[PDB]
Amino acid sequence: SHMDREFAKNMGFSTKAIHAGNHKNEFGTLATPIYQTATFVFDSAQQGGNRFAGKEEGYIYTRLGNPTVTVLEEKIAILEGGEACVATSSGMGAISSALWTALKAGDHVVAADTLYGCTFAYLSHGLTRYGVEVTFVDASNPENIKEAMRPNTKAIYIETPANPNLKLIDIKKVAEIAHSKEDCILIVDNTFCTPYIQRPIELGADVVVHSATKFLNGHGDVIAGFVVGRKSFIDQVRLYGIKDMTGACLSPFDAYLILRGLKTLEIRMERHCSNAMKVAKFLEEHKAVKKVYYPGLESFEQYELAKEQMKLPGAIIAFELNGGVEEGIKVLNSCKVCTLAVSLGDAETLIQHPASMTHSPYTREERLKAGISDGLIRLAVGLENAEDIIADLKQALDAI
């Protein structure tokens, strides 16, 4: 490293996203080199053995660690305010590696009712198949978590804003509940916010997981994830969760593209939220739109909590139309600028129907209990000029 985290404390977010974690190499390359290698050479046989026993620093194998990935891990941990970070080949790889490491057969988990489709599948149809009981509750009211707590509850998993409806959860209050019992941790999926908007570790969370694929990469060309938290737990996830349980190690090439994307994280998040506030206001005033969910609108139920724990309201807008699923299909198909695709946190504005697409693993009974309407549309607002996004949505909504 060149910029120490002590020097980085007084620096701004954009400055840290560019210079923090970066290492001054022998050639002095401005860009972090792509150390696209599988194995590393030891100077002596004794060095190799010391490296395996944790007695000497250095690299051994890319699944264990790589210098391109180290710069990215150090950079993410500095922004989130965590001791250490470990990158994975996907957002689900980060979620699974952390939960496989922190849990064992006989443990209990209190998870939020509204979660990302595959996360719900991993908890309901994955961890339950391996002798781990999971209780899903409406996390908006923290008292439901307190009620579902048990003497064997070793972890609490939350996601705020919840994908897709954007239901918020007070992190600081849930951390107080998690820390009431001796052996219990709070895992927060900070994919939607990024450390620019929200930092759950500072609010009380022990572990923070991300789907780097979305806003941290920002260019929709890398499937990746991160696990941020205390060094003691991150070393366990690196040498057990990824090394043995999942095998979800990130490629040095993909890690370089995330480093490249992070250089513009502050300016991308500012434009993303600037456009989303303008699009959400337009949707709220439009006749064809029945209800708009966005933390920036005064009509949002948890508007006071959005101001308290989020720097900006985000880029995602969930909304319901004055019509069934047929009306929603007509809007999606009429779009010429808004791209009809899955995923979020990209320069292209993406749009989709969560009932049949993202939250498809959820059965219709579980879907409606969480709050997914047959006709809800989730909009991931991109970096295009808000004038063109609004014009495209207007010509599509005016037809219905």
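A residue's number is simply how far along the shown sequence it sits, counting from 1.
Novice: Is the mean CA B factor in the deposited entry higher across 101-109 or across 267-275?
Specialist: Mean CA B-factor is higher for 101-109.
Novice: Can you tell me whether 49-57 has a higher mean C-alpha B factor than 362-370 in this record, or the other way round?
Specialist: 362-370 has the higher mean C-alpha B-factor.
Novice: Out of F215, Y130, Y256, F226, whose C-alpha atom has the biggest B factor in the entry?
Specialist: Out of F215, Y130, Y256, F226, the record gives the largest C-alpha B-factor to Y130.
Novice: Going by the deposited entry, which of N322, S89, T246, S211 has the highest CA temperature factor?
Specialist: Most elevated C-alpha B-factor of the set, per the entry: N322.
Novice: Consider only the C-alpha atoms of the modelled residues in this chain, order them by B-factor as the entry records it, and name the third containing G261: lowest, middle or highest.
Specialist: Lowest third - that is where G261 ends up once the chain's C-alpha B-factors are sorted.
Novice: For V381, return the chain-relative third of its C-alpha B-factor as stated in the PDB record: lowest, middle or highest.
Specialist: For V381, the deposited C-alpha B-factor lands in the middle third.
Novice: When the deposited Cα B-factors of this chain's modelled residues are ordered and cut into thirds, is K173 in the lowest, the middle or the highest one?
Specialist: As the PDB entry reports it, the C-alpha B-factor of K173 lands in the highest third of its chain.
Novice: Place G126 in the lowest, middle or highest third of its chain's C-alpha B-factors, as listed in the PDB entry.
Specialist: Answer is highest: the recorded C-alpha B-factor places it there.
Novice: Lowest, middle or highest third: where is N141 by C-alpha B factor in its chain?
Specialist: Highest third.
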